[PDB]
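> Take this sequence and fold it.
(chains A, B and C, ligands or ions: 4)
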Amino acid sequence: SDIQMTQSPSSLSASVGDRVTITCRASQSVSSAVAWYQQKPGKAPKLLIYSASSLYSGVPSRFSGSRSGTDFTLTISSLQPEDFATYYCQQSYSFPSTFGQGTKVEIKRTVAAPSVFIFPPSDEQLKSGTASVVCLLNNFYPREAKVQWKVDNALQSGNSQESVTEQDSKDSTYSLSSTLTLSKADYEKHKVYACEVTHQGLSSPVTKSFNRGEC
Amino acid sequence: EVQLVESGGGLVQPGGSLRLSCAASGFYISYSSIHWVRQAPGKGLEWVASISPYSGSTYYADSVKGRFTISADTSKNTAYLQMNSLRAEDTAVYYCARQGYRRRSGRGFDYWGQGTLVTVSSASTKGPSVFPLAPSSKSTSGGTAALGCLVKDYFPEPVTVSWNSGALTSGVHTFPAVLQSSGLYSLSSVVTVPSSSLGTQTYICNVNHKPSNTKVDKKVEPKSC
RNA sequence: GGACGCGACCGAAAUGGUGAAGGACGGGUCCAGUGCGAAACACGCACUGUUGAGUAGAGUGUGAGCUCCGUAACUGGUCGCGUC
Ligand SMILES: OC[C@H]1O[C@@](CO)(O[C@H]2O[C@H](CO)[C@@H](O)[C@H](O)[C@H]2O)[C@@H](O)[C@@H]1O
Ligand SMILES: Cc1nc(Cc2cc(F)c(O)c(F)c2)c(O)n1C
Ligand SMILES: [K+]
Ligand SMILES: [Mg+2]
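Residues are numbered from 1 along each chain as shown, chains lettered A, B, ... in the order given. Ligands and ions are numbered 1, 2, ... in the order given. The coordinates are given below.
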């Protein structure tokens, strides 16, 4: 039977200077053959800890690992700015090797309301048979946000996709795009295009809209 | 000193084959176990294969057993991953990793290459259409105006976006690509700018899609209204 | 009485043959685990383990001991006989 490595929490928000602990629970004995890695977006993983509790050469001592039976923990005693990243445990007691599903460690900061913008499709795109409408939520925190589309007040569903940036290096905010896709024909059947944004930082939900003909 | 460089990645159709290379430097692979590990976009690390020193014994994840072969050529100090009968779900960044010296790093993988993107899809290579996201005639949100570029229907990844040839960096957010139901990628790059200078300032997005020999520069202006 | 000699019986180092014992007679080999050798397996070394392993050996030892049958050095004991 393959060995499971169940990692928790899958995400965590913390302040610089906080002590954090990340746990991986093996489903069978893996002795002490457990390693922990750090991965920043777009980069390769880097080795932090091997054999459960040994600090890899050159890794700062705020990182430590421990083993309690088949449960394993990585502790960062005091987070520094560069420590925000995703962390993975790995058992290499036997083949095949198993990785935990990762823990993303993100930086807490004060609430920030999104600035909201809506963009109608360009004429150039329209003349090709499809309309993309874009709603932008800019520089907000925390990540949790609700964006819904309405066309002539009818709630859209299943025809939009969202994409979100990584936490910004400077202000620790997120930005998010929601893109509504419609045929040219459907798009031209209707007048009022609105996106409605709900977020903790807004006194009340914000609606941004345009009328198809008018700009 | 120690480095690993993977190469050979690219687009292949399902059922197709691809050979990846992992070129070592600053150490000799013959004294080490070498591993391949992959990561599908937005997903976790998945162990793929390894080769043991001295015995040449090889190991494989069930997901790739029988289709993938790992090998090592000491003369080129290079390891290989030969991938046959590729499937859509083999799509991922492929890393090769050195398992470190036992005394110093137990079974930890101490060095990793930068990774090489393998895309398995029936979709054909295609450069993006780039559309303006025009700054609104209206006043403001949050103090400024916002504009950008919609980079739609390209394949495969990646595309790069800059503004004014790298001169404009502040306030730029380029979103991670999203795979559409059409099996083509799409993304937007936006930037916030002063609303009072929209007529007298120039904003141009520079979009580069190497796989299709496509590079586009689109000037983003306030719409005629 | 004692000594020497001869012989017989006993004992006996040594030696050939024999047939039972398995880890509390050992060694070898295998197996497991752990550490090491640039080394997860394969290879080698070290350490640990017989509630890990056949007394039909699965040994380029079935080696030592013993059981049981012979040969037997003798610096041995006893008895008889001859002689002093
Ligand atoms: O080979 C599958 C095996 O890999 C693990 C990690 O050890 O999961 C990885 O691969 C999956 C793709 O099939 C991903 O979904 C997952 O995110 C990634 O970590 C095991 O969980 C899985 O059994
Ligand atoms: C079956 C078999 N066992 C051994 C040795 C052995 C077995 C045990 F059980 C022990 O306790 C011990 F010290 C040694 C062999 O050589 N073979 C072939
Ligand atoms: K024996
Ligand atoms: Mg061995």
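
> what about residue A:52, distance to residue A:67?
Separation of residue A:52 from residue A:67 (CB to CB, to the nearest Å) stands at 4 Å. C-betas here are computed from N, CA, C, even on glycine.

> between these two, which one's more packed in?
A direct count of neighbours by other CB atoms under 10 Å in any protein chain shown for residue A:52 and residue A:67 places residue A:52 higher, at 22 against 16.

> so what's the more buried one up against?
Counting by CB atoms under 8 Å, 6 or more residues apart in numbering or on different chains, residue A:52 makes contact with A:32, A:33, A:34, A:65, A:66, A:67, A:72.

> before we move on, what about residue B:186?
Contacts of residue B:186 were listed using CB under 8 Å, 6+ apart, and they are A:179, B:128, B:150, B:151, B:152, B:153, B:154, B:177, B:178, B:180.

> beta partners of it?
Going by DSSP bridges, residue B:186 is paired in beta bridges with residue B:152, residue B:178.

> And for residue B:4?
residue B:24.

> what's the domain layout of chain A?
A:1-109, A:110-215 (curated CATH domains).

> returning to that earlier point: among the contacts of residue B:186, which ones are buried?
Among these, those buried by neighbour count (16 or more other CB atoms under 10 Å in any protein chain shown) are A:179, B:128, B:150, B:151, B:152, B:153, B:154, B:177.

> Adding distance to residue A:160 as columns, could you present those in JSON lines?
Below are these laid out as JSON lines (distance: CB to CB, whole Å):
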{"residue": "A:179", "distance to residue A:160": "6"}
{"residue": "B:128", "distance to residue A:160": "20"}
{"residue": "B:150", "distance to residue A:160": "14"}
{"residue": "B:151", "distance to residue A:160": "17"}
{"residue": "B:152", "distance to residue A:160": "14"}
{"residue": "B:153", "distance to residue A:160": "17"}
{"residue": "B:154", "distance to residue A:160": "20"}
{"residue": "B:177", "distance to residue A:160": "16"}
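
> Neighbours of the residue nearest to residue B:146 when sequence neighbours are not counted, how many?
Once flanking residues are discounted, residue B:146 sits nearest to residue A:117: 4.3 Å by CB to CB, 6 or more residues apart in numbering or on different chains. The tally of other residues near residue A:117 (other CB under 10 Å) stands at 27.

> what do you get for residue A:100?
27.

> which residues touch it?
Residue A:100 neighbours (CB under 8 Å, 6+ apart): A:5, A:6, A:7, A:24, A:88, A:89, A:90, B:44.

> now, among these, which is nearest to ligand 1?
Of all the contacts of residue A:100, residue B:44 has the smallest distance to ligand 1: 2.6 Å, by CB to the nearest ligand atom.

> ok, residue B:49 to residue B:59 distance?
With CB to CB as the criterion, residue B:49 and residue B:59 are 6 Å apart.

> between those two, who's got more neighbours?
Between residue B:49 and residue B:59, residue B:49 has the larger neighbour count (other CB under 10 Å), namely 26 against 18.

> And the more buried one, which helix or strand is it part of?
Here residue B:49, judged by DSSP states H and E, is contained in strand B:45-51.

> Which residue, other than its chain neighbours, is closest to residue A:17?
Nearest residue to residue A:17, sequence neighbours excluded (CB to CB, 6+ apart): residue A:78, at 5.5 Å.

> What of residue B:85?
residue B:67 (4.8 Å).

> part of a helix, is residue A:213?
Yes: assigned with DSSP: H, G, I helix; E, B strand; the rest coil, residue A:213 falls within a helix.

> what sits against it?
Residues near residue A:213 by CB under 8 Å, 6+ apart: residue A:191.

> Do a quick rundown of the helices in the chain.
Chain wasn't specified; assuming chain A. A:123-126, A:184-188 (DSSP state H).

> try chain B instead
Counting by DSSP H, chain B has helices at residues B:102-105.

> residues from it in reach of ligand 1?
Within chain B, the positions near ligand 1 by CB under 6 Å from any ligand atom are B:43, B:44, B:45, B:46, B:47, B:61, B:63.

> Need the max-distance pair from the residues you listed.
B:43 and B:61 (14.1 Å; CB to CB).

> ok, residue 62 - contacts?
I went with chain A, as the question did not name one. A:76, A:77, A:78, A:80, A:83.

> meant chain B, my bad for not saying
Residue B:62 neighbours (CB under 8 Å, 6+ apart): A:2, A:96.

> quick revisit: hang on, the residue nearest to residue A:17 packs against residue A:14?
No: in this structure, residue A:78 is not within contact of residue A:14 by CB atoms under 8 Å, at 10.4 Å.

> quick one: which of the two has more around it?
Per other CB under 10 Å, whichever of residue A:78 and residue A:14 has more neighbours is residue A:14, with 16 against 11.

> Without its sequence neighbours, what residue ends up closest to that one?
Take residue A:14 and drop its neighbours on the chain: the residue closest to it by CB to CB, 6+ apart is residue A:20, 5.3 Å away.

> Repeat that for residue B:46.
Nearest one to residue B:46, counting by CB to CB, 6+ apart, is residue B:38 at 5.3 Å.

> same deal with residue B:162?
Closest residue to residue B:162 apart from its sequence neighbours, by CB to CB, 6+ apart: residue B:206 at 4.6 Å.

> where does that neighbour sit relative to residue B:149, distance-wise?
9 Å.

> Please report phi then psi for the residue nearest to residue B:154 when sequence neighbours are not counted.
Using CB to CB, 6+ apart and skipping the chain neighbours, the partner closest in space to residue B:154 is residue B:128 (3.6 Å). For residue B:128, the backbone dihedrals (degrees, to the nearest 10) come out as phi -80, psi 150.

> what's the span of stretch A:152-165, first residue to last?
Terminal residues of stretch A:152-165 lie 30 Å apart, using CA to CA, to the nearest Å.

> got it, and stretch B:121-136?
End-to-end distance for stretch B:121-136: 38 Å, by CA to CA.

> Check the offset of it from the chain's centre.
Offset of stretch B:121-136 from its chain centre (CA atoms, centre = their mean, to the nearest Å): 17 Å.
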